[PDB]
Amino acid sequence: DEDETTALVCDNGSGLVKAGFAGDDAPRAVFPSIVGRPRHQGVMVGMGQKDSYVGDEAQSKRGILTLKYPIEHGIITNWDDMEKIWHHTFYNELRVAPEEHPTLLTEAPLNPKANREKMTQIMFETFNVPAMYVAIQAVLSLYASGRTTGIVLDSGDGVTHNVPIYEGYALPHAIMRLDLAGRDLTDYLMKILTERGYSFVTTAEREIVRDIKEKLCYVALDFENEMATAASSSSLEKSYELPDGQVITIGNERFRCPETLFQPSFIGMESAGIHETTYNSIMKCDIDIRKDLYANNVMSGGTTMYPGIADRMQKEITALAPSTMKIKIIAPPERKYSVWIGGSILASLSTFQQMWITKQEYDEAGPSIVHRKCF
Amino acid sequence: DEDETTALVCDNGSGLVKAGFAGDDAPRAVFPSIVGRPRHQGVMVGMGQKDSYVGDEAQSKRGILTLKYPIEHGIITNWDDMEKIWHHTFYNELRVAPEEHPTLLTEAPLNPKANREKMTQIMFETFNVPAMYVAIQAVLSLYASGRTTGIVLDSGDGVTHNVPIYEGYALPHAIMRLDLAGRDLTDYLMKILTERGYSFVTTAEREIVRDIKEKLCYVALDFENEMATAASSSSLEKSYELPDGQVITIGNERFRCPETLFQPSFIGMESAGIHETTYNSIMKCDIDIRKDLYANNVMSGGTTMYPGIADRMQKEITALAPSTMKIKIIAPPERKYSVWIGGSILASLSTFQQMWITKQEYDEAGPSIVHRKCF
Amino acid sequence: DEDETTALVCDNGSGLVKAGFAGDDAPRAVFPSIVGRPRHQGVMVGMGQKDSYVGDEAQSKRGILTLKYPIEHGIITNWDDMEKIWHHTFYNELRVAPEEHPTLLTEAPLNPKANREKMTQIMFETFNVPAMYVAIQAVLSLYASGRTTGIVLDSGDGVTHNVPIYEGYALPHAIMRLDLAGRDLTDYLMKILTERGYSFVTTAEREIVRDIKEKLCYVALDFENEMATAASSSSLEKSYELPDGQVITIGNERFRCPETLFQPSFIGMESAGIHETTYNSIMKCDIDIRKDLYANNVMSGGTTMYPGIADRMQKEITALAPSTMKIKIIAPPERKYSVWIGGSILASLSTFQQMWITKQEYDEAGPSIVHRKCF
Amino acid sequence: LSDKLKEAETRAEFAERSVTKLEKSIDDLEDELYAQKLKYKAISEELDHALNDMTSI
Amino acid sequence: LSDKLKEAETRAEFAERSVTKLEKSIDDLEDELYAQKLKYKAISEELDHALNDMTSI
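Residue numbers (the entry's author numbering), protein chains in the order written: chain J, 1 to 375; chain L, 1 to 375; chain K, 1 to 375; chain W, 228 to 284; chain X, 228 to 284.
As structure tokens, this is what we get:
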């Protein structure tokens with residue numbers, strides 16, 4: 001509920017969409033970035049049944065639906081599905097019509113430009129939003145974390161960008177984009193669970209493995225030591241109950257999934273991992289910047305939920321990092337929700353009300369305008 | 001905050017800015033002559049952020065700034081950045097306002113006249129100082145050291161002046177203005193540290209090297225012997241800790257840099273070194289002058305603080321000089337900051353209160369007046 | 001397979017290696033400075049398969065190899081990998097044993113001492129070369145161009161050294177070492193091609209972008225006007241064919257890349273560009289030297305093959321230079337092969353036979369000898 | 228589960244106080260370490276400085 | 228509550244591990260502060276004792 005024409009804020013990834021009203025500390029609505037479609041022939045009539053299902057509808061009726069998402073490795077590929085997600089999120093759950101509210105959408109700085117143009121176009125042409133702005137995900141993560149300086153390691157579902165910012169300024173030459181994210185970690189787990197005798201390939205099955213990953217996995221402070229024990233003893237297996245009452249137990253696979261973050265070679269990627277990019281983004285920053293970024297490396301986005309990741313990352317960076325200097329990783333509670341929270345912080349600033357693209361400038365120029373007006 | 005209209009005294013050089021009030025025995029504060037500017041695009045909103053930073057602000061936020069020095073080897077060219085340096089020096093440090101105090105600034109005897117005219121113009125037109133006086137650095141150097149007769153060896157960051165003064169009179173035909181200074185040593189050290197595998201090319205790197213030089217360097221009494229051992233053993237090496245935690249170990253570069261003062265050919269300069277210019281400035285004077293000048297070679301400015309510098313120059317001058325006669329270097333602890341002290345001495349003399357340009361004479365004549373009123 | 005005991009010429013850089021026999025006009029063995037290694041688990045047996053691949057082998061089998069460069073920013077960081085490059089270049093392609101062929105290697109004037117001594121050591125202890133020499137690329141560039149005077153802009157993959165020579169003598173105080181090179185231009189292009197929807201990060205992708213740059217990029221004489229049309233119309237776009245049959249179409253990125261040479265801030269570098277450094281290499285030399293260096297601005301090495309660069313530079317230096325003065329660029333079609341050609345000229349010169357360090361002097365003094373004997 | 232939760236939550240919050248107490252103590256020890264490092268540094272440097280000035284005589 | 232317990236247990240375990248990490252880091256700071264003082268005041272204060280003798284003569 002809202003009693004003022006505040007800006008709307010909405011973070012959109014390949015995982016989930018978080019939305020709410022600017023000025024709060026949390027989204028008021030969170031939906032999966034999913035549009036579902038039936039793959040069966042109907043026989044009964046007078047059954048209702050939709051052509052397409054969105055967000056929670058897509059998951060609730062998923063037993064006979066194929067589930068697809070609109071965003072791939074940071075970009076929108078299906079604008080029509082994003083319009084459905086936002087229509088449902090804004091009008092049915094948040095009960096707000098964007099026509100009366102400015103809207104803030106987000107992306108990291110290296111995100112292909114088509115994404116910013118589509119975010120701008122959908123809100124101006126299908127929602128008639130009076131104003132738009134596309135913000136940097138690293139900017140919003142630092143606002144949420146209480147920082148102006150730090151490196152944002154946005155280990156989300158799609159892509160990780162690891163963007164360094166100092167005194168509120170971009171250091172773009174040092175953004176070390178990485179082709180490793182939560183969606184790939186799910187795929188690793190599906191293959192290793194197949195080795196254990198449980199094949200997961202269809203939509204319902206893919207959703208189960210994603211759910212297993214989120215609830216059972218952890219990074220492991222020491223991979224080899226954790227594996228030496230997990231591979232030898234059943235006492236480290238965690239039992240997950242499958243939707244049909246059957247169970248699956250997961251042992252060292254429980255940590256080998258997130259280990260891909262430290263071992264991308266697990267999914268065929270030519271990279272050492274998220275700690276390597278954390279290190280390279282700071283390594284390329286000015287010598288008089290480094291000390292402030294090393295003491296403030298920032299976790300943002302999801303996959304940061306791993307109760308093994310907090311110590312695993314600081315150990316891995318400290319090992320590469322300079323002596324004398326304090327090396328530290330910030331792993332705030334505003335995790336998995338930091339971009340939305342930062343969005344609220346930015347959207348509600350008085351200093352940000354001059355940053356909006358109006359629905360005047362938009363129609364005169366078209367959506368390419370976002371490329372000149374936002375950053 | 002002062003309870004008297006004491007003159008303000010400031011040495012605004014290519015290196016440091018020294019300031020305090022007339023009548024004291026030291027500058028109250030010393031900081032670099034730096035105005036810094038962001039070299040990056042801002043991305044966070046509501047971050048404050050200046051267009052330019054001054055002095056210690058410029059160094060404190062330097063991680064994203066390019067840093068410039070308005071004074072070029074003794075002359076002021078970027079008067080706008082110097083207005084900011086003076087405003088900071090006076091109001092944020094000394095807590096004085098030139099409007100309520102006469103002001104004394106200083107320059108070398110063969111410094112281009114443009115320097116004295118521009119300093120006079122700005123202090124009268126932008127700070128509304130009631131009076132001005134551009135002093136000679138050589139005059140101030142001997143006042144601080146306690147001599148009416150001697151050679152001023154002011155070997156600081158900008159230029160080495162080399163001027164003989166006898167009984168308070170200039171002997172100008174014997175001035176050996178030399179383009180060899182502490183500023184060249186910083187850049188030369190960056191190049192020889194590059195030879196060791198530690199390249200330095202940027203502002204941050206230059207400020208790091210200036211710090212290495214100021215803390216690790218010396219000249220030594222016997223260069224070749226110091227060189228032979230430094231080049232052969234770790235026993236003459238000294239480490240330096242960089243701002244980012246890197247450690248550089250420096251050997252004969254520790255003195256090979258500073259040695260450029262005696263061997264200018266190291267930086268491509270056509271010069272016999274500071275000891276020969278001292279020697280010749282005396283040899284060009286009458287024989288009833290030389291007896292007093294050789295016994296009173298007086299150090300002022302930076303680089304005079306290097307171990308072995310007074311002994312190194314005295315040895316070389318003595319070797320070039322005739323026997324029977326005594327050759328001596330005066331090198332008091334009030335080094336590098338002694339010209340400021342001399343400014344305090346001059347500003348506070350009763351015999352100097354008739355030497356001021358007032359803000360009447362100034363407006364009637366314009367800033368060129370300094371050329372006739374000061375000396 | 002050669003008919004004379006002629007020294008080899010091997011211009012081994014951070015990019016490619018041009019090798020051949022002294023006395024000729026061209027290299028005979030041209031390889032990338034690449035050592036490749038498999039990053040996959042084998043399934044078939046009896047497949048041969050090397051631990052490492054070099055030069056053309058590294059590129060031919062690159063589909064599953066990670067490719068590394070043993071040389072970075074002008075120096076060898078991995079000498080074991082250079083022994084592998086050298087063994088192949090010498091024995092398989094040039095088909096010569098160094099034992100009877102002294103071999104000339106190249107370096108930049110301010111290149112770290114460690115690199116010049118390590119190159120000397122490998123050729124004497126691993127290849128048993130009878131003698132060694134390490135040459136200055138600027139010397140070689142001037143011989144190839146028919147000059148003893150000029151500014152050599154050796155603008156290759158590693159470092160742009162900006163080094164002046166007059167009447168065959170070095171003018172080292174005026175060398176402007178610059179941390180901007182062809183490798184950075186490649187990285188910049190990968191980042192702006194990401195903006196267009198084509199991210200490039202892996203070895204295959206890194207090699208593709210370097211090939212795109214070499215084939216499609218240019219500077220022209222006016223960036224802003226070229227950008228105004230490139231950013232507005234498909235008429236300035238050029239398509240590049242990717243190895244799998246897919247294509248990438250590139251617009252203003254085509255010139256924005258190499259423009260970093262004139263705008264280093266594009267990669268976060270604190271520099272005014274290559275024309276400022278060329279200018280300072282001329283300007284920092286004596287006034288009676290400047291006229292000859294202005295008239296002999298010499299293009300050498302890589303990046304000199306960007307369309308419009310020889311004239312772009314003459315224009316940009318002219319813009320900084322005094323009027324009346326003639327600024328001239330030397331830019332023959334033998335561009336970039338001029339270092340190799342000079343290596344041939346110098347190595348075979350009768351006046352330079354005494355400049356070779358023999359494998360007598362080498363063992364008595366050790367590899368540091370190169371520092372005292374070559375120049 | 229309510230009792231096990233009360234214990235896990237109580238133990239977690241308590242242990243979280245042990246986390247903040249150890250953490251705080253670590254920061255305080257680090258401030259002391261720093262101060263100690265600073266004094267060490269200041270003393271060695273004051274002596275090395277003075278010694279360099281006073282190496283001669 | 229089973230999940231709240233697993234979560235509280237994760238928090239309890241987290242706190243036990245965080246406490247363990249800090250048990251290690253407190254001891255590292257207890258040993259580093261100790262070592263730094265033990266070597267720093269002991270050496271630099273010793274260097275000032277040496278001053279008592281160094282600056283004699």
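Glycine included, each C-beta is placed from N, C-alpha and C at the ideal position.
Per the DSSP secondary-structure output, K/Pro32 pairs in a beta bridge with K/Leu16.
Residues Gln49 of the same chain have their beta carbon placed closer than 7 Å to that of L/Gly42, with the five preceding and five following residues left out of the count. When C-beta atoms of the stretch 293-301 of chain L are compared with those of the stretch 132-149 of chain L, three or more pairs fall below 8 Å, so the two segments count as touching.
Here J/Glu99 is exposed, its C-beta having fewer than 16 other C-beta atoms within 10 Å.
Boundaries of the alpha helix (DSSP H) harbouring J/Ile192: 182-195, taken from the DSSP string. Using a C-beta cut-off of 8 Å, the stretch 248-268 of chain J makes contact with the stretch 180-196 of chain J, since at least three inter-stretch Cβ pairs fall below that distance.
Going by DSSP, L/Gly343 is part of the alpha helix (DSSP H) stretching over 338-347. Residue-level contact by beta carbon holds for X/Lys248 and chain J, with a gap shorter than 8 Å. When DSSP reads this structure, J/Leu67 sits in a beta bridge with J/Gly36. For J/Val139, the residues of chain L that pass the 9 Å Cβ criterion are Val43, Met44, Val45, in the order they occur in the chain. Closer than 7 Å at the C-beta level to chain L, one finds these residues of the stretch 335-360 of chain J: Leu346, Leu349, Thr351, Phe352, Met355.
For the stretch 155-177 of chain J, the residues whose beta carbon sits under 7 Å from a beta carbon of chain L are, in order, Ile165, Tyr166, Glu167, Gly168, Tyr169, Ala170, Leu171. Think of a sphere of 8 Å around the beta carbon of L/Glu205: the chain J residues whose beta carbon falls inside it are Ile287, in chain order. Between the stretch 346-360 of chain K and the stretch 256-266 of chain W, the count of Cβ pairs shorter than 8 Å is below three; the stretches do not touch. Distance from the CA of K/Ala26 to the CA of K/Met269, rounded to the nearest whole angstrom, comes to 35 Å. In the DSSP annotation of this structure, the continuous segment of the alpha helix (DSSP H) that includes L/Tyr143 starts and ends at 137-145. Among the residues of chain X, those whose CB is under 8 Å from the CB of J/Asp311 are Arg244, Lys248, following chain order.
The Cβ-Cβ distance between K/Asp292 and K/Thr149 falls below 8 Å. Rounded to the nearest whole angstrom, the CA to CA distance from L/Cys374 to L/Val134 is 6 Å. Interface residue (Cβ-Cβ distance to chain W less than 8 Å): X/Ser283 is not classified as such. What J/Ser199 touches in chain K, judged by beta-carbon distance under 9 Å, is nothing: the nearest beta carbon there is about 21 Å away. For K/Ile208, the closest of K/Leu236, K/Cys217, K/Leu242, K/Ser234 by C-alpha to C-alpha distance is K/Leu242. Contact check for J/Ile71 and J/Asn12: beta-carbon distance about 6 Å, within the 8 Å limit, so the pair qualifies. The Cβ atoms of L/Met313 and L/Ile274 lie closer than 8 Å to each other.
At a cut-off of 8 Å between beta carbons, J/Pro32 makes no contact with chain X. With at least 16 other beta carbons inside 10 angstroms of its own, J/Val35 counts as buried.
Here J/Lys61 carries a coil assignment [DSSP, helix/strand/coil].
Contact between the stretch 49-58 of chain L and the stretch 116-127 of chain L is absent: fewer than three C-beta pairs spanning the two stretches fall below 8 Å. One thing to note: K/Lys328 has its Cβ no nearer than 8 Å to the Cβ of K/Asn280. Its chain contains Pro164, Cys285 as the residues whose beta carbon lies nearer than 6 Å to that of L/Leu171, once the 5 sequence neighbours on both sides are disregarded; these appear in chain order. In terms of Cα proximity to L/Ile151, the closest of L/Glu224, L/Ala331, L/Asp363 is L/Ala331. The C-alpha of X/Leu232 is placed about 17 Å away from the C-alpha of J/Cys217.
J/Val96 and J/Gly23 have their C-alpha atoms roughly 15 Å apart. Using beta-carbon distances, J/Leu110 counts as an interface residue toward chain K, with a partner under 8 Å. Close partners of X/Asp275 in chain W (Cβ separation under 8 Å): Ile270, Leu274. In this structure, K/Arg177 and K/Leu94 do not form a Cβ contact; the two beta carbons are roughly 31 Å apart against a cut-off of 8 Å.
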